[PDB]
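To start, the structure under review is shown below, and the notes come after it.
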Amino acid sequence: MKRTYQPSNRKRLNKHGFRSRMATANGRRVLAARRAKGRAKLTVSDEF
Amino acid sequence: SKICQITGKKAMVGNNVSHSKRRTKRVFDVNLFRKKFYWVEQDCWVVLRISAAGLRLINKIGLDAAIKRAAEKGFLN
Amino acid sequence: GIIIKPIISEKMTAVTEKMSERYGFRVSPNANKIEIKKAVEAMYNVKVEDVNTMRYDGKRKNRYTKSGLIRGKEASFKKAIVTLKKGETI
Amino acid sequence: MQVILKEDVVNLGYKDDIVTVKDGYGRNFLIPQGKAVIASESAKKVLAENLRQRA
RNA sequence: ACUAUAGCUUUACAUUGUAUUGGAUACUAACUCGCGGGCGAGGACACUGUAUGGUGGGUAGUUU
RNA sequence: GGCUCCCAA
RNA sequence: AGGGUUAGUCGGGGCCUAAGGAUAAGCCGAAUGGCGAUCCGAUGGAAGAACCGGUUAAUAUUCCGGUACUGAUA
RNA sequence: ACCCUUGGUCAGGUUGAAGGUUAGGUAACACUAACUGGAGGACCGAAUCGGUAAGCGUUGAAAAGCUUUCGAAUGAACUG
RNA sequence: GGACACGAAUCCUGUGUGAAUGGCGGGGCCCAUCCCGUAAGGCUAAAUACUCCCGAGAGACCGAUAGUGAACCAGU
RNA sequence: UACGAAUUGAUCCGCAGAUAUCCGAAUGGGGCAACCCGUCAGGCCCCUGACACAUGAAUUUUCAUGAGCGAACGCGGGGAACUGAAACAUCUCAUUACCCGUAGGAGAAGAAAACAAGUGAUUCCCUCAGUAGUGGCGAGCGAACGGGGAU
Ligand SMILES: [K+]
Ligand SMILES: [K+]
Ligand SMILES: [K+]
Ligand SMILES: [K+]
Ligand SMILES: [Mg+2]
Ligand SMILES: [Mg+2]
Ligand SMILES: [Mg+2]
Ligand SMILES: [Mg+2]
Ligand SMILES: [Mg+2]
Ligand SMILES: [Mg+2]
Ligand SMILES: [Mg+2]
Ligand SMILES: [Mg+2]
Ligand SMILES: [Mg+2]
Ligand SMILES: [Mg+2]
Ligand SMILES: [Mg+2]
Ligand SMILES: [Mg+2]
Ligand code: NA
Numbered sequence: 001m002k003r004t005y006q007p008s009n010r011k012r013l014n015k016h017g018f019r020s021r022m023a024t025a026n027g028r029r030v031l032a033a034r035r036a037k038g039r040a041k042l043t044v045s046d047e048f
Numbered sequence: 002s003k004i005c006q007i008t009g010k011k012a013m014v015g016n017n018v019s020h021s022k023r024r025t026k027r028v029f030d031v032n033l034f035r036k037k038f039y040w041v042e043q044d045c046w047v048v049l050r051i052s053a054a055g056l057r058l059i060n061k062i063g064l065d066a067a068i069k070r071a072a073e074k075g076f077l078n
Numbered sequence: 002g003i004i005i006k007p008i009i010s011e012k013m014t015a016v017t018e019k020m021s022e023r024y025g026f027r028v029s030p031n032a033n034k035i036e037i038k039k040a041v042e043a044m045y046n047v048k049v050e051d052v053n054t055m056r057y058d059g060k061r062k063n064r065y066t067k068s069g070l071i072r073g074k075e076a077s078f079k080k081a082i083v084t085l086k087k088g089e090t091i
Numbered sequence: 001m002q003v004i005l006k007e008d009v010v011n012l013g014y015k016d017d018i019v020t021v022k023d024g025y026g027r028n029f030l031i032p033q034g035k036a037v038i039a040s041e042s043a044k045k046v047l048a049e050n051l052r053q054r055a
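Chains as they are written, first to last, in the entry's author numbering: chain 6, 1 to 48; chain 0, 2 to 78; chain W, 2 to 91; chain h, 1 to 55.
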């Protein structure tokens, strides 16, 4: 049975990466909210 | 950003009011158009996006004076 | 000073007992072969023939405190196997 | 529209005079085609002065 | 079903002017389109703004 | 593989 | 806890473009913005260039010995 | 789910369309015979895609499965 | 059409018009008298609002399932 | 734990300096943030360290200014619905929530084409007053003049 999560690093960074968040105004809104909450990880670019 | 370059007029927000006083949001739009003008002082042709009220002011006080007044009022740019 | 420390290990001892013109250094991860070569010439007054490099990432480790557990990492480094000209040692 | 006349105009004479016309007839025809110019106060004063220097 | 409404559509004013025996014709200069990098075709119409009358389960809020 | 045939080219 | 992954020739990238994306000149639009041909963008095109034998507890067309090739530079 | 660009895959066996050649036959076509040929949302059947019927499972090995059976398998195919 | 306490005097304007130079405007529909003021140019402190932060203090506020989600490895 | 520094004045405290890798408005060009690839002037020597190389607005290519982030308070541009009216459409919720733009230490307002039936620019507090009004005259909403103060 195929499950919902099928990993792909290129797709992950294209969809949720730091540059894609910075591209639009609402992505920068998301980044500002996460910084205000104080999250240790800001985007999926942080994980390794 | 469709604004009359001579008068500065822009679209207004108002209501459609039915007979039963139902109120619906609406826009009053400017009677706006692009027109080509002969500028006599510089002997040139200038295309202006203006309203009919702006055209009335131009026909009243001349195109050069209207352009100068609009520039001093900040409408022209 | 890109060179951090020499490599003392069984593999390095075996390769030096075999060839005797080969020496292993641990250097900064961003130093390429030309600068590793010039640096070892400066630090030891020898002529260098060839350089082989490999990048190591740090090992992941488990720091143990009184209450629980923390996840940490060691620093990354670069290995540099250095071949001197036939006749010289370190 | 109030216009000083600059050249001769058919069906509307009075060269070098003050005349009223429809705004389109004069914004789209005369002023673009050189004859006539809008009679602002400065141009009215200059025209009156030229008339007094002629007379 | 009741009330609105996007859209479509009618007329008036503005954009919008000139002549002839008014409401028709004609004109070109506003305005629109094509070609080439001015020329051709239209033309005071068309288009758009304001107002107005129709149509409007396409859409919405409700009642029963 | 050239080559032959075909049309959906 | 200590050790272990070695490349001019292997793979990738550096070069090129597709869908698409971001934009220039311009266009549209209460604002935030939306369009719009050069650039980006592989899943495709181009890539210059070997090997037989040994060898570790753990690497090998990468280390060692023989046979070569390929590109710059003086 | 659908679409766009660019790649890949489909053991083996069967059947025998168009067409071609050589005979007869025609005024010429027509029209019969043999061989050849290898078409097809053609046939049987692995990989593969799907999910017909039955059995098992139902605090299951599994938040939809397994075994047997069954459909398609050069295409309106499957797949990265 | 909108804002004004106000669901059509005052103020604003999408659309179409359009003066005056003692004149004009206002006093809740409209006229006259009376009274008040002088539009279509601009600037201006104080008394007013708030606390990310720094310093000094306080509480008939809590005392580890309370008090901030977080007294500790906490936006972990 | 070692090993060192320190009365020739360490460590520590106050003020002033030096250095300050990479990403990020990121600004030499790209990019999958913390990476890849360059040009021109020099200096070393295929490779290195140190310069410069963005865009928009005043401006005359020399020059200053801006971009981004960030508590609340201010001003402005858009702007709901649940709810209440014991249903619901005018009305209410509310010129609220929310989105967007943009200042300052405060901002906005402010010196009568004013209120009134004598006062004399703004702002804020207490009253006037739940009054005058307004409203399917329902649910509700709700002033101003005057007086007392801060300034
Ligand atoms: K080597
Ligand atoms: K390597
Ligand atoms: K499969
Ligand atoms: K101020
Ligand atoms: Mg372990
Ligand atoms: Mg319905
Ligand atoms: Mg409702
Ligand atoms: Mg390219
Ligand atoms: Mg590829
Ligand atoms: Mg192995
Ligand atoms: Mg078949
Ligand atoms: Mg099968
Ligand atoms: Mg089959
Ligand atoms: Mg707690
Ligand atoms: Mg850039
Ligand atoms: Mg109700
Ligand atoms: Na850069």
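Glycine is no exception: its CB is placed at the ideal position from the N, C-alpha and C atoms.
Around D8 (chain h), no beta-carbon contact reaches into chain 0 at under 8 Å, the shortest distance being about 19 Å. Inclusion of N53 (chain W) in the 7 Å shell around ligand 1 follows from its C-beta lying nearer than that to a non-hydrogen atom of the ligand. For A67 (chain 0), no beta strand (DSSP E) segment is defined; the enclosing uninterrupted segment is the alpha helix (DSSP H) at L64 to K74. Between the C-alpha atoms of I59 (chain 0) and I4 (chain 0) there is a straight-line separation of about 16 Å. Ranked by Cα distance from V49 (chain W), the first of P7 (chain W), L70 (chain W) and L85 (chain W) is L85 (chain W).
In the DSSP annotation of this structure, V47 (chain W) is not part of any beta strand (DSSP E), being labelled neither H nor E. For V19 (chain h), the uninterrupted beta strand (DSSP E) segment begins and ends at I18 to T20. Residues of chain h with a Cβ closer than 8 Å to the Cβ of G63 (chain 0) are, in chain order, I38 and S40. Under the three-state reduction of DSSP output, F18 (chain 6) falls in the helix class. Linking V21 (chain h) to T25 (chain 0) through their CA atoms gives a straight-line distance of about 43 Å. For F29 (chain 0), the number of other beta carbons within 10 angstroms of its own is below 16, and it is reported as exposed. Cα atoms of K36 (chain 0) and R35 (chain 6): separation of roughly 51 Å, rounded to the nearest angstrom. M20 (chain W) and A81 (chain W) have their C-alpha atoms some 16 Å from each other. When rounded, the separation of the alpha-carbon atoms in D23 (chain h) and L30 (chain h) is 10 Å. The segment 59 to 77 of chain W makes no contact with the segment 2 to 19 of chain h: fewer than 3 CB pairs, one atom from each, lie closer than 8 Å. Using a Cβ-Cβ distance cut-off of 8 Å, the segment 55 to 62 of chain W and the segment 31 to 42 of chain W are not in contact, since fewer than three pairs of beta carbons, one from each stretch, lie closer than that value.
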